[PDB]
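Each chain, written out:
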Amino acid sequence: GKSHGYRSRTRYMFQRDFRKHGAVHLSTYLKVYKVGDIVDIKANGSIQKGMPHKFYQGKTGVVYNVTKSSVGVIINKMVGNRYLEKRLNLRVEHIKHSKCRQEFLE
Amino acid sequence: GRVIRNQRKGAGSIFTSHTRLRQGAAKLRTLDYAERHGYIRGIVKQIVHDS
Amino acid sequence: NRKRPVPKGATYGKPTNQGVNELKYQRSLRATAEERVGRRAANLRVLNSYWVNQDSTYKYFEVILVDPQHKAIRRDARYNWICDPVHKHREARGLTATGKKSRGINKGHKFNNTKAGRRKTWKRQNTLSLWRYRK
Amino acid sequence: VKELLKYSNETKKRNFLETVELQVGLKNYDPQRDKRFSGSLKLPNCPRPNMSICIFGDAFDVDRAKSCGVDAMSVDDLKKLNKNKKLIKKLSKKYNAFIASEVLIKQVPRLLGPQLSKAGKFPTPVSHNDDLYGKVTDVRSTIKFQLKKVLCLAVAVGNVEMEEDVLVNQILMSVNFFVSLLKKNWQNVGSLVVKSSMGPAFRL
Amino acid sequence: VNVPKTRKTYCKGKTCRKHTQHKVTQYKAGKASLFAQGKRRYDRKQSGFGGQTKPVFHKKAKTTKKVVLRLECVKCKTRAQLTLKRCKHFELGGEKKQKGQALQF
RNA sequence: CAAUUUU
RNA sequence: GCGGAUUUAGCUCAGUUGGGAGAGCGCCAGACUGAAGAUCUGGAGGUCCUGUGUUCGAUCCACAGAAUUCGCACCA
RNA sequence: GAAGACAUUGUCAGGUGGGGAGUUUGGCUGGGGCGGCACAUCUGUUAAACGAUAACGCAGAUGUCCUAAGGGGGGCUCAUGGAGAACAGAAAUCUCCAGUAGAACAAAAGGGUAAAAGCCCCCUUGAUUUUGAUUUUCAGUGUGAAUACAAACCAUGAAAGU
RNA sequence: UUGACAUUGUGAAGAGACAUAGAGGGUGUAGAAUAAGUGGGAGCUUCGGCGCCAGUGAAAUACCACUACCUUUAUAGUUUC
RNA sequence: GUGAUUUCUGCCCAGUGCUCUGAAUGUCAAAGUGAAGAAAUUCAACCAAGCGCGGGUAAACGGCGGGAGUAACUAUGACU
Ligand SMILES: [Zn+2]
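- Under the PDB entry, chain E has the name 60S ribosomal protein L42-A and belongs to Saccharomyces cerevisiae.
- One UniProt comment on chain E, placed under Subcellular location, says "Cytoplasm".
- Looking at chain E in UniProt, the text filed under Sequence similarities is "Belongs to the eukaryotic ribosomal protein eL42 family."

- Under the annotation held in the PDB entry, chain A carries the name 60S ribosomal protein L21-A and is attributed to Saccharomyces cerevisiae.
- Recorded in UniProt under Subcellular location, the annotation for chain A is "Cytoplasm".
- Per its UniProt entry, chain A bears the Sequence similarities comment "Belongs to the eukaryotic ribosomal protein eL21 family."

Laid out in C-alpha cells, this is it:
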C-alpha cells in the first residue's frame, strides 16, 4: 500500500521548532482579523483542532469571513493548467499577518 | 459422450438373435377340454437338436 | 401436456428452453379434434363442435359438419357461404369458435395484441414508413 | 355475559339453611407456561366490600392512628425483632405505611411460606392514604400465582342480594385482559357454577 | 463494548422537542418478507424454466454487522434510531467497570 | 467357575 | 443465516421432586500370599459450561450467552 | 382364466440424477506457473529543503476495541536516580530531595502535550436534531474521513467558556 | 421413486385419534392421616368425628369456584388407518 | 472385474459408494384439517419418500502409518 494520508510525509513541518515548546504565546489572541486583510499560513502542532493541510503552508491569502475563533482564507492552487481559488477554514492560531503590505502601505 | 455398449444393444439394430436354425417354439399345448377332464395319448416321432 | 419431440431429451440451446416435459401446446384441445376429422373428411365442411365426455385420458368432442357440394346446400340460401370457396377447411386455419378465441380475437383493451390477428398487428407497427416528402 | 337471568335467579334462596357466612368463590381458566409473565397480577377495582374478620399487621404510629383505629384492626409498634417468625399462617390483608419504608428487616423472615413478602408483590407502604380505607378490605387476588393460573376472589355474599352483581359483574369481567398479549384465550369465564357451602352443581 | 440503558437525549417528537428519557433496545429484521413488490416481481421470473434469474450471493467477507440500537421515548412514546459502529461482542447490561483494583492475575 | 513364578 | 442436539475430578456412564456430586478407570497407602504376582479396600480430588430468574433450596423448570454437531432453506 | 376399484393413464408437488445440456474457471507478475498482494488503506524513508511522484524497494500496521478509554470541572507530578525504616533481599509499602519529560496517553510508526492532553476524584450523556458550506484523494465526481458555523435542545463549571 | 387429486363404483369387522359426559388414585418434612392444587373459612351432618382460634411443614388441613398431570375407563358425535 | 496351468488370495467397514423386513420426531413438499379476522392472509399440528441414526458389506472404491519402555557388554526388540 501507499501513504496518502491527511498528514503524510510531513514529520518535519509540525514539530514546534525546538526550544519553542509550551503553549501558544498570548499575543495571538489579542489581535484582530477583519475581512479584506491579507494573511499567511503557518501550521503549529500545538492544537490538533483545525490544522491547515500539508500543502497550504507558507502561502498568502485574503480572508473572507470570521467566526468565534475561525478565519476563512482564499488560496490559489493549481491542477495542471488552471488556478482555483480555494476557500479554506482555519483556527486563528496558525495565522500571522503577512508583513509585506507595510512597505506598500507606508 | 457416446451411448455405451449396453445402450446401443437395446435397439434391435444388429443384436437380433440369429433365427435360421430354430426349428420352432419350444412350448407345449394350451388347455383344451380334453386336457383337464381325462387324457389324450401322444406319440413321439423323433428327437432333434434345437440349435 | 404436450412435450416436444427432442431425441433422448436433449434441447441444444440456452437453458430457458431446456425443460421438456411440461409444454402446453397453445392451440386448444378441441381444435385438434377437428383437424384429424377435417383431413380425412376432406370433402365435408365443419361448422362447429362441442364437448361430450371426459374419462381419465380422453376428452371426447362431437363435431357437427356440413356438406358444401350437396345439392340442397348449394341452393337453399340460408347456407350459401359454405359453397363459396373461401371457407375451404375453415378449421385448419382457425376461424371456427375456438378458432376465434384461441386465435385471440375479441374486442377490448385486454385482447389488444391479438385484436385483428397477431402477425398482421406485429408487422404493421415495427415496420417503418418512409414518405416521398419525409417528415 | 354470564347472567341475563340465566341460572342465578332461583338457586340462591332455599340454601338459607347454613347460617354461617356464605361467600361463593370464583376461579377462571387461563393457561400459561413456566415463566411468571402476567399471572396473578393486575389489582382490580371491586367496590362492594368484604366486611372481613382478619387481622391487619399495621406499621404506622403517627397520631393519625385515630384514623387507623376506625379504618383498621390491629395497631402495633416497631418492636418487631423476635416474635413473628412462624406465627401467622391465616392472614388475608395487611396494610402498612410510610414509616416502614426501610423497617422490613424483620418481616421477610416470616413472609416466605404464606408468601406475602414485602417485595413488589405486596406493596404495603402506599403513598396516598385516603383511597386505601373502605374498598381494600374486599377480597381480590394479590399473590404469586402457582404454576399456571390462580385467578380468584369470592363472587358475592350469599346473604347480600344481587343489586350490584349485574354491573360490578361487568368490572368483575375486566381482570386478566389488558397487560398480557392474546396468548390468553378468549372467553376465560364461561359456564358459571355456584357453590359456597350449600349450593349444588349447575353448568351454564 | 458496554452500553447502558436510559439514554437521556433529544427526542424527535413534537410534544417535547427536548431531552427526555430513552430506554434503548435492539432489533432484528422482524418478519423477513412476503408479497412485497420486489418479492413478487421476483417470483414471476423464478416460475418456469431457466432457474436462478437474479444474482445469488457467495462471496462473503465480513464478520461483524453494525449493531444498531433503537431509542424509545417515555412521554410521547415515539421511536428513533442511532447506529454504533462495528463490534464483534455486544451486551446491553451492567458491569460499570470500576478502576484498577481487582486484577487477581 | 476361575490359579502364574520360586536359578 | 435459521430451528433443534450435547458440554460433568484426566476420560466415560452416571444424576431427575429440587434433599445426592457417585461409580469405574489415573497417583499414594493398607490388606491378601512364605514372598513375588494378579485380586480387595481406603486417602483425595468436581464451578454438574456460565449468567440471571424458578423456587425452601436447581444439573434437573426456563431464558440469554460460550463451544460441538445434526439438519434446513438461499433476489441485496 | 386372472386381477379389480388396488393397479394403469393424466395434472401438480417433493426426492435422486455426469446419464444429458448450457456456462464459467479472476488480475498484478524481470516468460508463464508456484510463492506473495505491491488488487482498498495507514505510518517513517528512498523523494532529489514548497507541492507532485515510481519498482514483486526498505522497516512496520489495519478489516479492531471503548459507558468510558467519550464530554466537562476540580485536584495531584511522571520514568528514574541519591538517601533512609522490622521481617525487606536484585524487585513489596511509607518519607525527603533532585528530576525539560528520558514515563503515560487501547491498538504499528510519527507528531503533540506539564497547576496537561499523563494520573486520582465528582457530575454527566453533545457518542443528539435539521439540512448546507469547506479541506485532503479528485476528473477538482462519489464514498470514506475531518474542520468551522447557523437554527434548536441540553451536560458540566462559579462564570468566561468548553 | 413417494404423496395428493381425478381415473373410481357399492360393504362389514378391527384398531387407535379427537373432543363430549363421568371416573379413581397421586413421595423426601409434618399437622391428625402415602399431603399433587387454590382464594378463603370455623360447621351442614346419624357422629359431635373432623376441623379451626393448637402444633408444624415450602405448602394449609373439611369444600372447589376451577383445574393442574394421568387413561386406567365408559357411551354416542368428529373423522382417520 | 482379473486373464492358461501349479500354488495362494493376509489385516482393516472409521472415509466413499451400495444395501437392510431396525426405531424415532430430529428436520422434512404440495394438498387436507383447525384457530383468529370481514376477507384476501397469518399461525399451529399432523410432516410420505428421502436425509439422519444403527447394522451388513473389500475377487466394492481403497488403505496398511507412526511413538515410548523392555533381552547377561553394547546393539536390536520376542513382550506390554
Ligand atoms: Zn418526546
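1. Some remarks on the coordination of the zinc ion
Then, in step 1: At the metal site, the zinc ion is ligated by E:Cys11 (SG) and E:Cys76 (SG), and these contacts range over 2.6 Å. On the criterion of sequence distance, the pair formed by E:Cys11 in the loop between strand 1 (9-10) and strand 2 (19-20) and E:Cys76 in the segment after helix 1 (43-46) is long-range, its members being 65 residues apart.

2. A short note on the protein's contact with RNA strand I
Then, in step 1: The full set close to RNA strand I counts 28 residues, and C:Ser56, D:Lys27, D:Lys90, D:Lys149 and D:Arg203 are the nearest of them.
Then, in step 2: The sugar-phosphate share of atoms of RNA strand I within 4 Å of the protein amounts to 85%.
Then, in step 3: D:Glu18 is positioned such that a nitrogen or oxygen atom in its side chain is 3.0 Å from a sugar or linking oxygen of RNA strand I.
Then, in step 4: Here a phosphate oxygen of RNA strand I sits 3.2 Å away from a polar atom, N or O, in the side chain of D:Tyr29.
Then, in step 5: Per-class residue counts for the surface near RNA strand I are eleven nonpolar, seven polar and ten charged.

3. Quick notes on the pattern of salt bridges
Then, in step 1: Under the counting rule described, the total for this entry stands at six salt bridges over all chains.
Then, in step 2: A salt bridge links A:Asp40 to A:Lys96; the shortest N-O distance between them is 3.7 Å. With a gap of 56 residues between them, A:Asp40 in the loop between strand 1 (38-39) and strand 2 (61-67) and A:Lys96 in the segment after strand 5 (90-91) connect regions that are remote in the sequence.
Then, in step 3: Among the ionic pairs, B:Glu35 bridges to B:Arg29, the shortest N-O distance being 3.8 Å.
Then, in step 4: In this structure B:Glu35 comes out as partly exposed when scored by relative accessible area, which is 38%.

Rules used in this analysis
Residues numbered from 1 in each chain as written, not as in the entry; some residues may be left out. Chains lettered and ligands numbered in written order. Part of a larger assembly, values for the part shown. Heavy atoms only, no water. UniProt positions renumbered as here; feature names shortened; annotations may be inferred. Donors = N, O, S within 2.8 Å, 3.2 Å for Na, K, Ca; no water. Helix = DSSP H or I, 4+ residues; strand = E, 2+ residues; numbered from the N terminus. Near = heavy atom within 4 Å. Polar contact = N/O pair within 3.5 Å; in protein donor to acceptor, adjacent residues only side chain to side chain. Nonpolar A, V, L, I, M, F, W, Y, C, P; charged D, E, K, R; others polar. Salt bridge = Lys/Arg side-chain N within 4 Å of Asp/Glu carboxyl O. Buried < 20%, exposed > 50% of the residue type's maximum accessible area, 1.4 Å probe, protein only.

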